[PDB]
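Numbering (the deposited numbering), first residue to last: 1 to 95.
Heads up, the beta-carbon is just placed ideally off N, CA and C, and yes, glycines get one too.
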């Protein structure tokens, strides 16, 4: 007898909301992974759909994430978290 929804859910497609998360291109691949796995676990985690900016994208530093407004928000916080951690290790290579 819980107030409203009792268990977790995915929601409706239309119900989902597209958001823009400011992600540095220096942490893009690092997050995406090799075959898109590192980003696969994150998506399923919050059940969202992260859409990285393509080469001809207007914002190569912004990623479009789809999904409920309650799940997306959480995903973002997790995204920026990895951004910093990764950045921390950014040194000017010889060439």
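With DSSP run on the structure shown, which of helix, strand or coil describes residue 51?
Residue 51 carries a strand assignment under DSSP once its states are collapsed to helix, strand and coil.
Would DSSP call residue 24 helix, strand or coil?
Look at residue 24 here: in three-state DSSP terms it is coil, with no helix or strand label.
Is residue 72 helix, strand or coil by DSSP?
Judged by DSSP in its simplified three-state form, residue 72 adopts helix.
Secondary structure at residue 14, three-state DSSP: helix, strand or coil?
DSSP places residue 14 in coil when its eight states are reduced to three.
Going by alpha carbons, who is nearest to residue 21 out of 95, 94 and 48?
The option with the nearest alpha carbon to residue 21 is 48.
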